[PDB]
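Please read the structure below before turning to the comments.
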Amino acid sequence: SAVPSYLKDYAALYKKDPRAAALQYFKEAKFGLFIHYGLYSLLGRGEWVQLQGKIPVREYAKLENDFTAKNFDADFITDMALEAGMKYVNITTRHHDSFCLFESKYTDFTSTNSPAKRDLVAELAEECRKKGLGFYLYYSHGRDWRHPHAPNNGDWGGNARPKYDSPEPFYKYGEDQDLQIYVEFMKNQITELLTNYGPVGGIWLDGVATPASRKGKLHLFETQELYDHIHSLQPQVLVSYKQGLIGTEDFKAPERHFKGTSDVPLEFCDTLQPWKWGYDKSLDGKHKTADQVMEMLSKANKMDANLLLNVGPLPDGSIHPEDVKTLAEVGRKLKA
């Protein structure tokens with residue numbers, strides 16, 4: 001009962017150390033589904049199109065007028081994962097473009113506001129609770145390309161913000177910018193995710209390269225205070241931040257591979273599309289094959305790491321037919 005489904009084979013440990021139970025479940029899950037769905041999926045040129053296309057903030061915000069998510073089926077997605085042999089699911093609640101797939105009282109730039117009128121995080125959370133799958137939340141942290149107070153391209157690097165040819169009117173600059181408005185905005189949104197969707201597996205932070213580009217300035221993000229707020233918000237939630245920003249994360253989530261060894265659990269995240277998370281139409285017929293996934297899984301076990309394998313849905317919210325087959329066969333090879 002109090003033991004959440006995702007960690008039901010670790011109840012005893014849970015009734016002794018909830019977070020221990022979480023780490024254990026995680027270190028042993030081995031396989032998971034990453035989902036990158038958002039406004040970028042409509043342009044089909046990747047998830048960094050706002051930057052790689054220097055699309056101004058206002059022009060990009062017109063994509064909400066075309067966001068319906070008609071064929072986004074959390075039932076099929078949760079089922080696909082299970083059959084494939086995956087034990088948990090991870091979705092981008094809000095990427096660098098700052099569009100949210102969940103209802104938020106601190107922004108109207110959400111999928112609930114859009115023609116879709118749906119809380120896709122709520123939809124996915126229930127399907128995970130129903131099916132015993134772990135549920136993890138990608139949330140853009142070190143980079144934001146919309147919020148006026150988020151790191152700018154002068155003070156911070158990375159690629160903090162799209163390098164526009166004329167200053168973007170939506171951004172405040174210099175003295176007109178107090179990151180603390182942004183810092184609190186994230187902490188406010190993360191509070192919503194941990195409260196409105198029941199027990200959550202972890203907060204999956206991204207964008208590490210930007211705060212680390214000025215790491216004597218790193219402390220203004222109040223990141224450790226964010227970790228503390230997350231652990232205080234629920235007993236068992238984990239926090240990751242790619243390979244690590246301040247060293248106090250519950251696990252390390254490097255992209256694709258990790259050199260060296262780590263004090264904490266490892267999770268390699270990789271793509272079913274060549275190089276690009278997020279739907280890229282130019283890559284059709286070139287998605288990875290079930291035999292390549294077996295390699296990725298093998299390599300990951302060698303490294304004592306999970307494999308978090310990504311699907312980037314089609315503009316309507318449906319899973320690419322190449323990835324559906326690939327995952328369907330990975331499941332059959334695995335149960336053998």
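In the structure tokens, chains take the letters A, B, ... in the order shown, each chain's residues start at 1, and ligands count up from 1 in the order shown.
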Secondary structure check, strand (DSSP E) residues of segment 9-252 of chain A, as number ranges by chain: A: 31-35, 88-94, 134-140, 202-206, 238-241
Neighbour list for segment 259-269 of chain A as number ranges by chain, cut-off 7 Å, only C-alpha atoms, skip fewer than 2 positions in-chain: A: 27, 250-257, 300, 304-309
Residue contacts of residue 172 of chain A (12 Å, only C-alpha atoms) excluding same-chain residues fewer than 4 positions away, as a PyMOL selection string: chain A and resi 145-152+167-168+176-179+181-182
Which residue of A:118, A:166, A:59, A:158 approaches residue 215 of chain A most closely, using only C-alpha atoms: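 Looking at the shortest contact to residue 215 of chain A, the residue is A:158.
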Contacts of segment 72-84 of chain A at 10 Å (only C-alpha atoms; same-chain gap of 6+ positions) as a count of residues only: 39
Minimum-distance residue to residue 192 of chain A, chosen among A:234, A:104, A:224, A:24 (using only C-alpha atoms):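 Distance minimum relative to residue 192 of chain A lands on A:104.
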Non-local contacts of segment 273-288 of chain A (9 Å; only C-alpha atoms; under 3 positions in same chain excluded) as an MDAnalysis selection string: chainID A and resid 35:38 40:48 270 291:293 310:315 320 322:323 326
Those residues with N, CA, C and O atoms, as an mmCIF file, in the first residue's frame please?
data_model
loop_
_atom_site.group_PDB
_atom_site.id
_atom_site.type_symbol
_atom_site.label_atom_id
_atom_site.label_comp_id
_atom_site.auth_asym_id
_atom_site.auth_seq_id
_atom_site.Cartn_x
_atom_site.Cartn_y
_atom_site.Cartn_z
ATOM 1 N N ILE A 35 11.369 9.470 -23.300
ATOM 2 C CA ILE A 35 10.398 10.033 -24.275
ATOM 3 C C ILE A 35 10.686 11.520 -24.431
ATOM 4 O O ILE A 35 10.698 12.221 -23.422
ATOM 5 N N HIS A 36 10.931 11.958 -25.662
ATOM 6 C CA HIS A 36 11.140 13.401 -25.929
ATOM 7 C C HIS A 36 10.002 13.895 -26.820
ATOM 8 O O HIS A 36 10.149 13.824 -28.045
ATOM 9 N N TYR A 37 8.902 14.344 -26.212
ATOM 10 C CA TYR A 37 7.768 14.915 -26.980
ATOM 11 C C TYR A 37 7.590 16.379 -26.589
ATOM 12 O O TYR A 37 7.728 16.702 -25.408
ATOM 13 N N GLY A 38 7.297 17.229 -27.569
ATOM 14 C CA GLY A 38 7.121 18.668 -27.316
ATOM 15 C C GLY A 38 6.859 19.414 -28.604
ATOM 16 O O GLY A 38 6.603 18.757 -29.622
ATOM 17 N N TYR A 40 8.862 20.899 -30.468
ATOM 18 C CA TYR A 40 9.945 20.623 -31.442
ATOM 19 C C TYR A 40 9.558 19.449 -32.334
ATOM 20 O O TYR A 40 10.044 19.361 -33.471
ATOM 21 N N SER A 41 8.702 18.576 -31.818
ATOM 22 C CA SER A 41 8.312 17.359 -32.566
ATOM 23 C C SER A 41 7.492 17.751 -33.796
ATOM 24 O O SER A 41 7.412 16.943 -34.726
ATOM 25 N N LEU A 42 6.950 18.969 -33.808
ATOM 26 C CA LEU A 42 6.092 19.422 -34.928
ATOM 27 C C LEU A 42 6.966 19.868 -36.099
ATOM 28 O O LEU A 42 6.535 19.695 -37.245
ATOM 29 N N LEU A 43 8.138 20.433 -35.811
ATOM 30 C CA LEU A 43 9.065 20.890 -36.876
ATOM 31 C C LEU A 43 9.872 19.694 -37.372
ATOM 32 O O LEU A 43 10.326 19.742 -38.521
ATOM 33 N N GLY A 44 10.048 18.670 -36.538
ATOM 34 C CA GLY A 44 10.718 17.431 -36.980
ATOM 35 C C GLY A 44 12.138 17.647 -37.448
ATOM 36 O O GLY A 44 12.549 16.973 -38.399
ATOM 37 N N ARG A 45 12.865 18.538 -36.786
ATOM 38 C CA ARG A 45 14.264 18.836 -37.169
ATOM 39 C C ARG A 45 15.158 18.649 -35.944
ATOM 40 O O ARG A 45 16.309 19.104 -35.980
ATOM 41 N N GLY A 46 14.638 18.007 -34.904
ATOM 42 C CA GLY A 46 15.401 17.845 -33.658
ATOM 43 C C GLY A 46 14.752 18.591 -32.512
ATOM 44 O O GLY A 46 13.715 19.218 -32.738
ATOM 45 N N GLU A 47 15.363 18.546 -31.333
ATOM 46 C CA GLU A 47 14.790 19.185 -30.121
ATOM 47 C C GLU A 47 15.498 20.516 -29.864
ATOM 48 O O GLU A 47 15.059 21.257 -28.972
ATOM 49 N N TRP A 48 16.549 20.795 -30.629
ATOM 50 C CA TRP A 48 17.326 22.034 -30.420
ATOM 51 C C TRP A 48 17.013 23.003 -31.552
ATOM 52 O O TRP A 48 17.760 23.968 -31.717
ATOM 53 N N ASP A 270 20.556 6.811 -24.335
ATOM 54 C CA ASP A 270 20.897 6.770 -25.748
ATOM 55 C C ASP A 270 19.620 6.834 -26.573
ATOM 56 O O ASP A 270 18.508 6.716 -26.052
ATOM 57 N N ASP A 291 19.179 -5.381 -32.967
ATOM 58 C CA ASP A 291 20.506 -5.935 -32.719
ATOM 59 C C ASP A 291 21.476 -4.876 -32.208
ATOM 60 O O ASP A 291 22.399 -5.197 -31.451
ATOM 61 N N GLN A 292 21.287 -3.616 -32.603
ATOM 62 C CA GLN A 292 22.106 -2.542 -32.054
ATOM 63 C C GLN A 292 21.713 -2.233 -30.616
ATOM 64 O O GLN A 292 22.568 -1.892 -29.792
ATOM 65 N N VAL A 293 20.418 -2.329 -30.303
ATOM 66 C CA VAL A 293 19.963 -2.138 -28.928
ATOM 67 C C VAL A 293 20.562 -3.201 -28.015
ATOM 68 O O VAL A 293 20.995 -2.904 -26.894
ATOM 69 N N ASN A 310 15.801 6.049 -25.763
ATOM 70 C CA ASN A 310 14.885 7.138 -26.074
ATOM 71 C C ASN A 310 14.041 6.861 -27.311
ATOM 72 O O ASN A 310 14.536 6.340 -28.316
ATOM 73 N N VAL A 311 12.760 7.222 -27.230
ATOM 74 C CA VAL A 311 11.901 7.399 -28.395
ATOM 75 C C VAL A 311 11.462 8.858 -28.463
ATOM 76 O O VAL A 311 11.126 9.467 -27.440
ATOM 77 N N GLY A 312 11.495 9.422 -29.667
ATOM 78 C CA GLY A 312 10.969 10.743 -29.915
ATOM 79 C C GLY A 312 9.721 10.677 -30.774
ATOM 80 O O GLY A 312 9.792 10.464 -31.987
ATOM 81 N N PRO A 313 8.553 10.843 -30.155
ATOM 82 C CA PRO A 313 7.291 10.629 -30.875
ATOM 83 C C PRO A 313 7.115 11.559 -32.069
ATOM 84 O O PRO A 313 7.784 12.584 -32.211
ATOM 85 N N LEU A 314 6.175 11.174 -32.932
ATOM 86 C CA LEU A 314 5.786 11.939 -34.105
ATOM 87 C C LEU A 314 4.899 13.113 -33.696
ATOM 88 O O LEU A 314 4.333 13.115 -32.599
ATOM 89 N N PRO A 315 4.779 14.140 -34.552
ATOM 90 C CA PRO A 315 4.065 15.366 -34.145
ATOM 91 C C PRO A 315 2.699 15.131 -33.520
ATOM 92 O O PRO A 315 2.272 15.929 -32.676
ATOM 93 N N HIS A 320 7.036 6.364 -33.507
ATOM 94 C CA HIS A 320 7.519 6.031 -34.840
ATOM 95 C C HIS A 320 7.345 4.537 -35.111
ATOM 96 O O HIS A 320 7.584 3.713 -34.218
ATOM 97 N N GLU A 322 9.206 2.586 -36.904
ATOM 98 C CA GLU A 322 10.494 1.903 -36.827
ATOM 99 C C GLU A 322 10.849 1.557 -35.388
ATOM 100 O O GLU A 322 11.318 0.449 -35.106
ATOM 101 N N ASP A 323 10.637 2.500 -34.467
ATOM 102 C CA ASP A 323 10.964 2.259 -33.068
ATOM 103 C C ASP A 323 10.009 1.260 -32.424
ATOM 104 O O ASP A 323 10.424 0.482 -31.558
ATOM 105 N N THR A 326 11.315 -2.113 -33.558
ATOM 106 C CA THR A 326 12.596 -2.339 -32.893
ATOM 107 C C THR A 326 12.393 -2.751 -31.441
ATOM 108 O O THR A 326 12.981 -3.729 -30.971
#
Which of segment 51-93 of chain A DSSP labels helix (DSSP H, G or I), written as a PyMOL selection string: chain A and resi 51-52+57-66+74-84
Proximity of segment 198-300 of chain A to segment 154-157 of chain A: per-residue shortest pair, 8 Å limit, only C-alpha atoms, as CSV:
residue,atom,partner,partner_atom,distance
A:209,CA,A:157,CA,7.7
A:210,CA,A:157,CA,5.3
A:211,CA,A:156,CA,7.0
A:213,CA,A:157,CA,5.5
A:214,CA,A:156,CA,6.2
Minimum-distance residue to residue 2 of chain A, chosen among A:53, A:244, A:162, A:198 (using only C-alpha atoms):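 Ranking A:53, A:244, A:162, A:198 by distance to residue 2 of chain A, first place goes to A:198.
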Minimum-distance residue to residue 110 of chain A, chosen among A:195, A:180, A:301, A:189 (using only C-alpha atoms): A:189
